[PDB]
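A short worksheet on the structure shown next.
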Amino acid sequence: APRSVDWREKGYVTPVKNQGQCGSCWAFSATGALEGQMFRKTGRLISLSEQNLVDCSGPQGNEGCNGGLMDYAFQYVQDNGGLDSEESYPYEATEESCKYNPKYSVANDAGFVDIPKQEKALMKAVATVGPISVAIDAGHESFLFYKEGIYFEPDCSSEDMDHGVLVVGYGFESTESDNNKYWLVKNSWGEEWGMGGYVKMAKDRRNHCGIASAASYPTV
């Protein structure tokens, strides 16, 4: 695989969004992955409606602002036959009744692919597919205050994840400890968090924060 990958430079990635005070990170992760795969297919980058997922994908198992899963979101898009654009179905950070309108659908998928729970497999997926939906253990103050560099939290869990995010690439930089590899991760806490909304998560360090434990992408 390549040593460095950044799908932002290929046009696959929309700007950083902000989920607010709603537990809807799974929806932002899913829209990020579907935005990348739709661009791969059509060459058009169109921001997708997280609110559509929050309001409408309960039957696939999601629970709105109380949590959900990216795979359930991909299943909704397939079962529902579409997903509205962000412009047409804007984000309100609160769960409401479903207002999906197929006339404004701009995305589709035919299912999803779950990646084996290994960072080596996640690397191959990122290198060949595009941005990948992942879940991480973000429940640490160090993550809130992250500003730059490679994020490494000794107390991070590799099994209990609480936050869906999007891997848009990976790379390296020289560090004091010579743990130099990172996943380039798009968060949904706005651009004031981290590095313009992004974090460099430790890569190849025992599946740090569980980044390879629940990785998937939609088939387009």
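Note that we place each Cβ from the backbone using ideal geometry, even for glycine, and neighbour counts take in every protein chain shown. Only the coordinates and a few stated rules stand behind these numbers; no lab work does.
Answer with yes or no whether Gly190 is under 25 Å from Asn66 (Cβ atoms), out of contact with any helix residue (DSSP H, G or I) (no Cβ under 8 Å at 6 or more places or on another chain) and surrounded by fewer than 23 Cβ atoms within 10 Å (Cβ to Cβ).
Yes, satisfied.
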ask   = Which residue pairs have Cβ atoms closer than 9 Å, lie 6 or more positions apart in sequence or on different chains, and pair a first residue in segment 98-115 that is at positive phi with a second residue that is surrounded by 15 or more Cβ atoms within 10 Å (Cβ to Cβ) and outside any loop (DSSP other than H, G, I, E, B)?
value = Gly111/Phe74; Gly111/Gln75; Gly111/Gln78; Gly111/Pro218
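Can you tell me which of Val165, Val220, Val199 is under 24 Å from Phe39 (Cα atoms) and touching an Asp or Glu at 6+ places or on another chain (Cβ under 6 Å)?
On the way: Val165 fails: touching an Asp or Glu at 6+ places or on another chain (Cβ under 6 Å); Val199 fails: touching an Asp or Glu at 6+ places or on another chain (Cβ under 6 Å).
When all the criteria are applied, what remains is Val220.
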inquiry  = Residues to consider are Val129, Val168, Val113; find the one that is of a type in the set (A, V, I, L, M) and surrounded by 21 or more Cβ atoms within 10 Å (Cβ to Cβ).
reply    = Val168
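Would you pick out the residues in segment 165-181 that are closer than 25 Å to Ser24 by Cα and out of contact with any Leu (no Cβ under 8 Å at 6 or more places or on another chain)? Talk me through it step by step, then tell me what you get.
Filtering segment 165-181 for residues closer than 25 Å to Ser24 by Cα gives 165-170.
Result: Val165, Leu166.
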task = Scan (1) over 17 Å from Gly111 (Cβ atoms); (2) free of Cβ contacts under 8 Å to residues at least 60 places away in the same chain; (3) in contact with a helix residue (DSSP H, G or I) (Cβ under 6 Å, 6 or more places away or on another chain) for the single condition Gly58 breaks and write down its number.
result = (3)
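Matching residues to (1) surrounded by fewer than 15 Cβ atoms within 10 Å (Cβ to Cβ); (2) within 22 Å of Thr14 (Cα to Cα); (3) under 18 Å from the mean Cα position of the chain (by Cα); (4) among the β-branched types (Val, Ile, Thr):
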| position | (1), (2), (3), (4) |
| --- | --- |
| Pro59 | yes, no, no, no |
| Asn62 | no, no, yes, no |
| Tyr72 | no, yes, yes, no |
| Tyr89 | no, yes, no, no |
| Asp109 | no, yes, yes, no |
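Listed residues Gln75, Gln118; which is under 25 Å from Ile211 (Cβ atoms), free of Cβ contacts under 8 Å to residues at least 40 places away in the same chain and not acidic (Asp, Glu)?
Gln75
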key: Pairs where the first residue, in segment 186-203, is in a strand (DSSP E or B) and the second is of a type in the set (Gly, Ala, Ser) and surrounded by fewer than 23 Cβ atoms within 10 Å (Cβ to Cβ), C-beta under 9 Å, 6+ apart   = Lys186/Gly197; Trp189/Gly197; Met195/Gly149; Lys200/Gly149; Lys200/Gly171; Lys200/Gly194
remark   = In segment 23-34, anything buried (at least 24 other Cβ atoms within 10 Å of the Cβ) and not β-branched (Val, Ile, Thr) is listed as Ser24, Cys25, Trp26, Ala27, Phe28, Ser29, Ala30, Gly32, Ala33, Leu34
note = Scanning segment 1-30 for residues that are touching a residue at least 24 places away in the same chain (Cβ under 8 Å) and part of a helix (DSSP H, G or I), the one nearest to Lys120 (Cα to Cα) turns out to be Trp7
